[PDB]
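Single-structure report; data block below.
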Amino acid sequence: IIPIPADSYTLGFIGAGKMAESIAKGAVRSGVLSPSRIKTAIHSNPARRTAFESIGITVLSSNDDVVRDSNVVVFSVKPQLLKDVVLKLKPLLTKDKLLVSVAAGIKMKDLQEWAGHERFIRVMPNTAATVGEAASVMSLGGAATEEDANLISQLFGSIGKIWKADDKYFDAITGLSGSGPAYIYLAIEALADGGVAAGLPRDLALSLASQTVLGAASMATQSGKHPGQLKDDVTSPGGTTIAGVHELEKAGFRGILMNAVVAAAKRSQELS
Amino acid sequence: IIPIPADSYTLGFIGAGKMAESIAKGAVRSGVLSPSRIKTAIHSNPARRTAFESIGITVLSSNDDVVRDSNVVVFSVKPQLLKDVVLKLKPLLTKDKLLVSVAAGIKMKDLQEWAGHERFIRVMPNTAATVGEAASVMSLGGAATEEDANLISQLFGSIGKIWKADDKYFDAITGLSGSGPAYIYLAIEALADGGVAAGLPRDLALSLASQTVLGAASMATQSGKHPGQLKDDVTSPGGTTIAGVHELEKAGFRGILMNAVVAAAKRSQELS
Amino acid sequence: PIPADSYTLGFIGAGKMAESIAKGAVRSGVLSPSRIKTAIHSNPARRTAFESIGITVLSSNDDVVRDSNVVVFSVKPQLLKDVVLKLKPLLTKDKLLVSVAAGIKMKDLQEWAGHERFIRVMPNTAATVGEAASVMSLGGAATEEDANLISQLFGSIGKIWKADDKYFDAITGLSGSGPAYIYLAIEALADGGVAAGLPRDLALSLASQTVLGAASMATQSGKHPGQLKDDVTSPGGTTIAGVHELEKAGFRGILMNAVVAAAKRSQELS
Amino acid sequence: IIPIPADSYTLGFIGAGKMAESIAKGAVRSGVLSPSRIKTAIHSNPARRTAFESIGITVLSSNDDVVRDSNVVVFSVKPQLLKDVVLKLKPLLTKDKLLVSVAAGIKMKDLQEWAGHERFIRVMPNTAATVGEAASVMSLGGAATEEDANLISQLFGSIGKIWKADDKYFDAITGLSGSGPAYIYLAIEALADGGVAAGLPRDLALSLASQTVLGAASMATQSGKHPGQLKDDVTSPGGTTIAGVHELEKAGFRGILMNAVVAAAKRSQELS
Ligand SMILES: NC(=O)c1ccc[n+]([C@@H]2O[C@H](COP(=O)([O-])OP(=O)(O)OC[C@H]3O[C@@H](n4cnc5c(N)ncnc54)[C@H](OP(=O)(O)O)[C@@H]3O)[C@@H](O)[C@H]2O)c1
Ligand SMILES: NC(=O)c1ccc[n+]([C@@H]2O[C@H](COP(=O)([O-])OP(=O)(O)OC[C@H]3O[C@@H](n4cnc5c(N)ncnc54)[C@H](OP(=O)(O)O)[C@@H]3O)[C@@H](O)[C@H]2O)c1
Ligand SMILES: NC(=O)c1ccc[n+]([C@@H]2O[C@H](COP(=O)([O-])OP(=O)(O)OC[C@H]3O[C@@H](n4cnc5c(N)ncnc54)[C@H](OP(=O)(O)O)[C@@H]3O)[C@@H](O)[C@H]2O)c1
Ligand SMILES: NC(=O)c1ccc[n+]([C@@H]2O[C@H](COP(=O)([O-])OP(=O)(O)OC[C@H]3O[C@@H](n4cnc5c(N)ncnc54)[C@H](OP(=O)(O)O)[C@@H]3O)[C@@H](O)[C@H]2O)c1
Ligand SMILES: [Cl-]
Ligand SMILES: [Cl-]
Ligand SMILES: [Cl-]
Ligand SMILES: [Cl-]
């Protein structure tokens, strides 16, 4: 358990997919890494090779070589393939290398058991990694150090925001930040459909809907205020906003969103 | 109707309130204007003086002096005060000066009638102007030129996005982009409440809820995809997301949001 | 100007609300009983109610008006117009007039009296225990000092704010009518406790005090109600389970509906 | 089992948190205790030291010292920490010291077992302790005396009202007076939103909502009347109040509150 060199470490991705590509691009963009400090290896699809090579990243010929050449190893394969991937690599997974999993639904207890050591960090990012606005949460294995956590905080900070939490919260996280973007995609479409129903052109309705949601969320993220207070700030007496708000409350809007999170969290738990 | 010099016009705010401050800051930040080209005047509250002076802007002693010194005049008082404010200034409202209203709910027909001429642009911004993410729409009076419009686009482009539309769409705009932020504040709170109901800490639930919404909206704004495509991208077969989405659909989530927009737009119309 | 420390107050309509205001003003020292007058109508039990507080009961409404710097109209609303018309010669501009009548607008008050030195107040039922929510509106000739005087008076029986007359239908639906919404809530909470196995007496005692406490927190804490709700909803706990039931059912929207309906009814009546 | 000296006993808090601070302040305010008769010890957060010292209370260096110096010991740590805290202190928990737990959801049977004796009182307060308007209930362990009960009644009388009940009622007490304040916070916000929907300014709507609720509860507390009679007193024929009440009854308002108490009480039982 030697500290990973914060400014010069090399990063390897096992599973050269979309999430790996997003993280790589983000980290290159933010200057946290350069392409020469990133490695991956393809599986069956040769189009993935091109994706990485075109951003300056070297694609090695096996998972084993990626691990050998890396200080930090990110496992970014589909969850149901992760166990075998880790077991095959296990002789190379020495405690001087920080391991990271972004696999949905795979618990730290299992990660540590497969790898045979506890210098492991789990991250649950979300789809908005692609635009640098992921909501990510990390949980630390028994031997991950504070400096390991800072390294991962800086890396994932390059594709959005990143918070820390106990591993036991990750089913609920999955139902909220993991699954939530679909709730808001529905909301955006519905708001646009509402605009069109009220007489607006469809291109404008959609443009407004998307930017309205973006603006409101940016207020919530930057203002330091409770969402109730933000709502209070915009509801003028007897005005349009409160008329719309009343329709939401008549229908139990808040309880519907709560239901969705809860159902999604419960599903996460059922899928293990 | 002399063209307003694009690179040298002076801007005046009538009503030195929150929205004026947001616009002024934005325009100074973007480099559209320098503080020396902006003027305003205080009403009763001397704290507003400080707000403007601290960004380098000169506070004159009356609304009349602001108008005299300005090529472009933005009316940013509360809507129910606007008529008397304009009537009092009318003699100074010569046709060489471009007039702009940001007042919610006040139609172009009335603006033009109060001012006595048609070189008037209406804008409807929203509350996210404070963080530079407003959704704004402008409509042009009968004598507003294409160059006048470009000037106003550039100015409102500095506090978010800005689109153009006929005045007859403004009730529906008001119900969607004007009132919509409250719908999303409710959504954010409810997502957080859902997280807590599924066992998350509050501080984390709320941070995730806000950043989830922000991220999803960023994906909608940048991806070029229809919201249904985005929803398809994240709903993996039999997974957590589609479980949550199904709960939303069982309850008619989309129709509830449509209802809110339609009701808000109908209220806008009823208020005039 | 009405002498702030020495004025005399008259009640026209010696009912419950007049009694509550009289007691509260006596208790706070804003008035003494010797500075308050009223007159009975038909019920002689009202005489004993006022006399037992040290207040003189005069023999007619006319005498009450003559002897008073400030005149509070505290008869039922449908009786107010005739009462004011009968007294109109005595309603001189040196006397401040006040109505606590539900649903009667300032425009009508001023028209019946023939002048504009008139203040309207909408209190509520909790005046009885010194916890009213009250709002005042000022007629066209009511002065700032007149307003202060009324604030002091209604500050003795609860809280008092100022608002334009045009808000009073909505006020009536919220603070006027709202107590009944809470009485339902209290009963329901108790019934819920009994349904979960609690003894009735204890269920009811807990319900009332839980509501009292929560409202005291909202009043004193300086926090938004959402923040207060956040403070008590621990992760996966009992509180968020209960809140989730409320939200599934659209609890908030139901209370909104009640306020809106009540306000609409106020407008329709008035 | 020596009686605790009613006028001179010393009180110790284990767990120097919010509830401990509320109880301390209430007891000082009412004159039941003086600050010199109260002791506590901090854990990790030194801001808690300042909170108690600023009330005149001595902060000792360990839990063990607090116990040694106290006749009455109040356990005010989070419930999931309580078992270990009591086990560690057990050698000092002699029968001459009255023990009290304010921990939510921890039964008398377990308390007695952990401490190794039955001179134990359980109290369930609620959040309004902060303003002296808690609804609290106590249950008595097998060796708690009448004089012990009077001592606790007096103590908790200083932060609200306090009743006695068998331990088997506590899941339902938790769902009603423990959780109930949230139900009322929703109600207060909803009433305010309703005011705004009916045309009121926000500040006034919220002020009125809060005081209306406070008033009505004071009437219920002081009047000696059944809530149905209080409702009958304010519902004039065909008037505004009955119009509002009818909307409540149409929607099954009473059943919804009953549902919330029941669900909360059931959750309490499930959490143990
Ligand atoms: N995508 C998101 O937005 C998001 C959000 C949160 C979490 N995640 C998590 O991120 C992980 C990756 O998702 P993704 O969307 O990027 O998946 P993906 O695009 O399908 O990428 C997975 C890659 O792994 C490769 N692979 C399969 N077997 C392999 C092996 N034995 N060794 C090395 N590579 C192998 C696949 O290549 P072939 O196709 O050639 O077999 C594929 O390129 C998942 O566990 C997911 O739960 C994703
Ligand atoms: N805020 C938003 O998010 C938003 C969004 C869309 C549209 N709008 C619109 O923008 C306008 C301004 O809103 P706002 O929130 O900025 O309001 P605000 O902050 O209250 O600003 C109003 C300002 O006008 C001043 N004022 C009052 N009477 C005046 C007079 N006769 N002459 C000059 N100034 C006077 C007020 O001063 P005193 O307080 O000192 O009297 C105050 O500084 C409104 O029409 C609103 O509909 C706002
Ligand atoms: N009580 C509240 O909580 C509350 C809340 C808000 C507003 N208000 C308003 O306050 C007003 C009074 O209500 P209240 O509940 O006190 O009514 P109340 O108890 O019935 O008393 C009104 C009194 O007026 C008397 N009266 C009838 N005709 C009269 C006349 N011509 N001259 C003088 N007095 C006459 C009645 O006499 P008899 O005894 O002979 O019948 C009665 O004692 C109402 O307008 C109500 O809307 C009350
Ligand atoms: N708050 C309420 O309204 C309310 C209502 C009813 C019941 N209760 C109950 O009252 C109890 C306390 O709640 P609370 O809100 O007051 O919690 P709190 O504010 O978090 O207080 C807990 C305190 O215990 C300390 N602590 C942790 N481990 C300790 C140990 N081993 N020895 C001594 N102290 C330790 C903590 O210190 P650090 O900060 O350093 O960790 C903290 O100061 C809970 O059991 C709760 O169920 C609370
Ligand atoms: Cl509005
Ligand atoms: Cl999914
Ligand atoms: Cl809880
Ligand atoms: Cl009524």
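Letters for chains follow the order of the structure tokens (A, B, ...), residue numbers begin at 1 for each chain, and ligand numbers begin at 1 in the order shown.
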So that each row is one residue of chain C with an atom at most 12 Å from chain B, can you give its shortest atom pair and the distance in Å to one decimal, using only C-alpha atoms, rows by chain and rising number, as CSV?
```
residue,atom,partner,partner_atom,distance
C:226,CA,B:189,CA,8.8
C:227,CA,B:189,CA,10.6
C:229,CA,B:193,CA,9.9
C:230,CA,B:202,CA,7.2
C:231,CA,B:202,CA,8.8
C:232,CA,B:202,CA,10.2
C:233,CA,B:196,CA,7.6
C:234,CA,B:196,CA,7.2
C:235,CA,B:199,CA,4.5
C:236,CA,B:199,CA,4.0
C:237,CA,B:197,CA,7.5
C:238,CA,B:197,CA,9.4
C:239,CA,B:197,CA,9.2
C:240,CA,B:197,CA,5.6
C:241,CA,B:197,CA,6.6
C:242,CA,B:197,CA,9.7
C:243,CA,B:193,CA,8.9
C:244,CA,B:197,CA,7.3
C:245,CA,B:197,CA,10.7
C:247,CA,B:190,CA,9.1
C:248,CA,B:251,CA,10.4
C:249,CA,B:251,CA,11.8
C:252,CA,B:186,CA,12.0
```
Check every protein, DNA and RNA residue against ligand 2, keep those with an atom at most 9 Å away (counting only C-alpha atoms and all ligand atoms), and present them as a ChimeraX atom specification.
-> /A:233-234 /B:13-22,40-48,62-63,75-82,84-85,101-106,123-130,134,136,174,178
With distances taken over only C-alpha atoms, which of A:155, A:137, A:115, A:144 is nearest to chain B?
-> A:137
Excluding residue C:15 and residues on its chain fewer than 4 positions from it, collect all residues at most 8 Å away from it, counting only C-alpha atoms, and give them as a PyMOL selection string.
-> chain C and resi 19+46+74-75
Protein and nucleic residues near ligand 6, 9 Å, only C-alpha atoms and all ligand atoms, as a PyMOL selection string = (chain A and resi 104+174-175+178-179+264+268) or (chain B and resi 234-243)
Take the residues just selected and output them with N, CA, C and O atoms as a CSV table (one decimal), in the first residue's frame.
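This went into part_37.csv:
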```csv
chain,number,residue,atom,x,y,z
A,104,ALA,N,-22.7,-1.3,-12.0
A,104,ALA,CA,-24.0,-1.0,-11.3
A,104,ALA,C,-24.3,-2.3,-10.5
A,104,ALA,O,-24.1,-3.4,-11.0
A,174,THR,N,-28.9,4.2,-6.7
A,174,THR,CA,-29.2,3.7,-8.1
A,174,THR,C,-30.6,4.1,-8.5
A,174,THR,O,-30.8,4.5,-9.6
A,175,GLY,N,-31.6,4.1,-7.5
A,175,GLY,CA,-32.9,4.5,-7.9
A,175,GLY,C,-33.1,6.0,-8.0
A,175,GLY,O,-34.1,6.4,-8.7
A,178,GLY,N,-29.0,7.2,-10.4
A,178,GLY,CA,-28.8,6.3,-11.5
A,178,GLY,C,-29.9,6.2,-12.5
A,178,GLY,O,-29.8,6.4,-13.7
A,179,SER,N,-31.2,6.1,-12.0
A,179,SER,CA,-32.4,6.0,-12.7
A,179,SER,C,-33.1,7.3,-13.0
A,179,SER,O,-33.8,7.4,-14.0
A,264,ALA,N,-37.7,1.9,-8.0
A,264,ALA,CA,-36.4,1.7,-8.6
A,264,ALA,C,-35.3,1.2,-7.6
A,264,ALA,O,-34.6,0.3,-8.0
A,268,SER,N,-33.5,-2.4,-7.7
A,268,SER,CA,-32.0,-2.5,-7.5
A,268,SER,C,-31.7,-3.6,-6.5
A,268,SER,O,-30.8,-4.5,-6.7
B,234,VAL,N,-31.4,5.0,-21.5
B,234,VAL,CA,-31.1,4.6,-20.1
B,234,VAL,C,-32.0,3.6,-19.5
B,234,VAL,O,-31.8,3.2,-18.4
B,235,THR,N,-33.1,3.1,-20.2
B,235,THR,CA,-34.0,2.1,-19.7
B,235,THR,C,-33.5,0.8,-20.1
B,235,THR,O,-34.1,0.1,-21.1
B,236,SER,N,-32.6,0.2,-19.4
B,236,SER,CA,-32.1,-1.1,-19.7
B,236,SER,C,-33.2,-2.2,-19.4
B,236,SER,O,-34.0,-2.1,-18.5
B,237,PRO,N,-33.2,-3.3,-20.1
B,237,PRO,CA,-34.3,-4.3,-20.0
B,237,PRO,C,-34.5,-4.8,-18.6
B,237,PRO,O,-33.6,-5.3,-18.0
B,238,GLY,N,-35.7,-4.7,-18.1
B,238,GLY,CA,-36.0,-5.3,-16.8
B,238,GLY,C,-35.2,-4.6,-15.7
B,238,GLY,O,-35.2,-5.1,-14.6
B,239,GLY,N,-34.7,-3.5,-15.9
B,239,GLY,CA,-33.8,-2.8,-15.0
B,239,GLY,C,-34.5,-1.8,-14.0
B,239,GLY,O,-35.7,-1.7,-13.9
B,240,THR,N,-33.6,-1.2,-13.2
B,240,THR,CA,-34.2,-0.2,-12.2
B,240,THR,C,-34.9,1.0,-12.8
B,240,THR,O,-35.9,1.4,-12.3
B,241,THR,N,-34.3,1.5,-13.9
B,241,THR,CA,-34.9,2.7,-14.5
B,241,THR,C,-36.3,2.4,-15.0
B,241,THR,O,-37.2,3.3,-14.8
B,242,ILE,N,-36.5,1.4,-15.8
B,242,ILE,CA,-37.8,1.1,-16.4
B,242,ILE,C,-38.8,0.8,-15.3
B,242,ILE,O,-40.0,1.1,-15.4
B,243,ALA,N,-38.3,0.2,-14.1
B,243,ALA,CA,-39.2,0.0,-13.0
B,243,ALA,C,-39.8,1.4,-12.5
B,243,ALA,O,-40.9,1.5,-12.2
```
Can you tell me which residues come within 12 Å of ligand 8 when counting only C-alpha atoms and all ligand atoms, ideally as a PyMOL selection string?
-> (chain C and resi 76-77+101-103+124-125+169+172-181+261-263+265-266+269) or (chain D and resi 231-246)
Write to file, as a compact mmCIF listing (two decimals), in the first residue's frame, the residues of the selection just made, with N, CA, C and O atoms.
```txt
# COMPACT_ATOMS: atom_id res chain seq x y z
N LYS C 76 -73.26 40.39 13.86
CA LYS C 76 -73.19 39.49 12.74
C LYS C 76 -73.25 40.30 11.47
O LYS C 76 -73.94 41.31 11.42
N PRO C 77 -72.51 39.88 10.46
CA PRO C 77 -72.46 40.66 9.19
C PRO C 77 -73.77 41.09 8.53
O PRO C 77 -73.91 42.22 8.03
N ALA C 101 -66.60 42.40 11.22
CA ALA C 101 -67.56 41.55 10.46
C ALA C 101 -67.02 40.79 9.31
O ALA C 101 -66.32 41.33 8.42
N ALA C 102 -67.27 39.48 9.29
CA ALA C 102 -66.72 38.66 8.24
C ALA C 102 -67.35 38.98 6.94
O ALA C 102 -68.58 39.22 6.87
N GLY C 103 -66.55 39.10 5.89
CA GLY C 103 -67.05 39.25 4.54
C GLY C 103 -67.57 40.64 4.15
O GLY C 103 -68.06 40.81 3.06
N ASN C 124 -59.84 35.65 14.10
CA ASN C 124 -60.36 34.31 14.03
C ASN C 124 -60.71 33.79 15.40
O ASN C 124 -60.52 34.47 16.40
N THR C 125 -61.19 32.56 15.42
CA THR C 125 -61.78 31.97 16.62
C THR C 125 -60.80 31.84 17.79
O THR C 125 -61.21 31.85 18.94
N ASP C 169 -60.99 38.07 1.06
CA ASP C 169 -61.63 36.79 0.78
C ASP C 169 -60.65 35.59 1.00
O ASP C 169 -61.03 34.61 1.58
N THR C 172 -59.94 35.13 4.64
CA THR C 172 -61.06 34.48 5.26
C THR C 172 -61.01 32.99 5.05
O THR C 172 -61.27 32.21 5.93
N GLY C 173 -60.62 32.58 3.86
CA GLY C 173 -60.50 31.13 3.58
C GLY C 173 -59.33 30.43 4.23
O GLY C 173 -59.35 29.19 4.38
N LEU C 174 -58.28 31.16 4.57
CA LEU C 174 -57.13 30.65 5.19
C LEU C 174 -57.20 30.78 6.74
O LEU C 174 -57.33 29.81 7.47
N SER C 175 -57.07 31.99 7.28
CA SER C 175 -57.02 32.13 8.73
C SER C 175 -58.37 32.19 9.39
O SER C 175 -58.54 31.78 10.52
N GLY C 176 -59.37 32.65 8.68
CA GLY C 176 -60.73 32.61 9.22
C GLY C 176 -61.35 31.23 9.35
O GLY C 176 -61.86 30.83 10.36
N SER C 177 -61.23 30.48 8.27
CA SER C 177 -61.79 29.16 8.13
C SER C 177 -60.84 28.02 8.53
O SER C 177 -61.29 26.96 8.92
N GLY C 178 -59.53 28.25 8.38
CA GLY C 178 -58.54 27.23 8.67
C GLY C 178 -58.61 26.50 9.99
O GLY C 178 -58.21 25.35 10.07
N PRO C 179 -59.06 27.16 11.06
CA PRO C 179 -59.09 26.40 12.27
C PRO C 179 -59.91 25.12 12.14
O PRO C 179 -59.55 24.13 12.75
N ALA C 180 -61.00 25.14 11.39
CA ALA C 180 -61.78 23.93 11.27
C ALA C 180 -60.99 22.83 10.58
O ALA C 180 -61.19 21.65 10.89
N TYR C 181 -60.13 23.19 9.64
CA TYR C 181 -59.32 22.23 8.95
C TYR C 181 -58.38 21.53 9.94
O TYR C 181 -58.17 20.32 9.86
N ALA C 261 -61.51 26.85 -2.02
CA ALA C 261 -62.94 26.77 -2.03
C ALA C 261 -63.53 27.73 -1.06
O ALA C 261 -64.57 28.38 -1.33
N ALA C 262 -62.92 27.82 0.10
CA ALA C 262 -63.39 28.72 1.11
C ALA C 262 -63.28 30.19 0.66
O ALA C 262 -64.18 31.00 0.92
N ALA C 263 -62.17 30.55 0.07
CA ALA C 263 -61.98 31.89 -0.50
C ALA C 263 -62.99 32.21 -1.60
O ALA C 263 -63.53 33.32 -1.67
N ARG C 265 -65.94 30.86 -1.85
CA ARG C 265 -67.21 31.02 -1.15
C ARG C 265 -67.31 32.41 -0.54
O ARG C 265 -68.33 33.04 -0.60
N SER C 266 -66.24 32.89 0.04
CA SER C 266 -66.21 34.22 0.63
C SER C 266 -66.55 35.30 -0.41
O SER C 266 -67.37 36.16 -0.20
N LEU C 269 -70.23 35.16 -1.32
CA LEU C 269 -71.16 35.68 -0.33
C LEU C 269 -71.13 37.17 -0.21
O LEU C 269 -71.91 37.76 0.52
N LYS D 231 -65.11 22.19 15.62
CA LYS D 231 -65.44 22.33 14.24
C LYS D 231 -66.88 22.86 14.10
O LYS D 231 -67.16 23.74 13.26
N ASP D 232 -67.81 22.30 14.86
CA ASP D 232 -69.19 22.78 14.81
C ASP D 232 -69.28 24.30 15.20
O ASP D 232 -70.02 25.05 14.59
N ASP D 233 -68.50 24.72 16.18
CA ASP D 233 -68.53 26.11 16.60
C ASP D 233 -68.16 27.04 15.45
O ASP D 233 -68.59 28.16 15.46
N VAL D 234 -67.31 26.67 14.53
CA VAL D 234 -66.85 27.60 13.50
C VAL D 234 -67.44 27.41 12.14
O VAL D 234 -67.18 28.18 11.21
N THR D 235 -68.28 26.41 11.97
CA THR D 235 -68.89 26.24 10.69
C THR D 235 -70.26 26.90 10.59
O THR D 235 -71.32 26.22 10.74
N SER D 236 -70.29 28.16 10.22
CA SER D 236 -71.58 28.82 10.02
C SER D 236 -72.35 28.27 8.84
O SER D 236 -71.75 27.86 7.85
N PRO D 237 -73.68 28.40 8.88
CA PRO D 237 -74.55 27.87 7.81
C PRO D 237 -74.19 28.34 6.43
O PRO D 237 -74.13 29.53 6.19
N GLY D 238 -73.93 27.42 5.50
CA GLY D 238 -73.60 27.80 4.12
C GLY D 238 -72.38 28.70 3.97
O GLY D 238 -72.20 29.33 2.96
N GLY D 239 -71.53 28.77 4.96
CA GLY D 239 -70.43 29.73 4.99
C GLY D 239 -69.11 29.23 4.41
O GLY D 239 -69.02 28.17 3.78
N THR D 240 -68.07 30.02 4.62
CA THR D 240 -66.78 29.74 3.97
C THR D 240 -66.15 28.50 4.57
O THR D 240 -65.55 27.70 3.88
N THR D 241 -66.31 28.36 5.89
CA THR D 241 -65.66 27.28 6.63
C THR D 241 -66.17 25.92 6.22
O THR D 241 -65.37 25.03 5.88
N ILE D 242 -67.50 25.77 6.15
CA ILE D 242 -68.06 24.52 5.73
C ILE D 242 -67.73 24.24 4.27
O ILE D 242 -67.62 23.08 3.86
N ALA D 243 -67.62 25.28 3.43
CA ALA D 243 -67.17 25.04 2.05
C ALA D 243 -65.79 24.39 1.98
O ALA D 243 -65.54 23.43 1.23
N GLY D 244 -64.89 24.86 2.80
CA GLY D 244 -63.55 24.29 2.88
C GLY D 244 -63.54 22.91 3.47
O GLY D 244 -62.93 21.98 2.96
N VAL D 245 -64.27 22.76 4.56
CA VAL D 245 -64.43 21.46 5.18
C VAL D 245 -65.00 20.42 4.22
O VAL D 245 -64.53 19.27 4.18
N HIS D 246 -65.97 20.81 3.42
CA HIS D 246 -66.56 19.86 2.47
C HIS D 246 -65.49 19.36 1.48
O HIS D 246 -65.46 18.17 1.16
```
Return as number ranges by chain the full set of residues in stretch 88-240 of chain D whose backbone-based DSSP assignment is strand (DSSP E).
-> D: 98-101, 120-124, 134-140, 160-164
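Copies chain D and chain A share one sequence; their C-alpha RMSD after superposition is 0.3 Å.
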Tell me which of A:133, A:148, A:270, A:167 sits closest to chain B, counting only C-alpha atoms.
->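 Checking each of A:133, A:148, A:270, A:167 against chain B, counting only C-alpha atoms, the winner is A:133.
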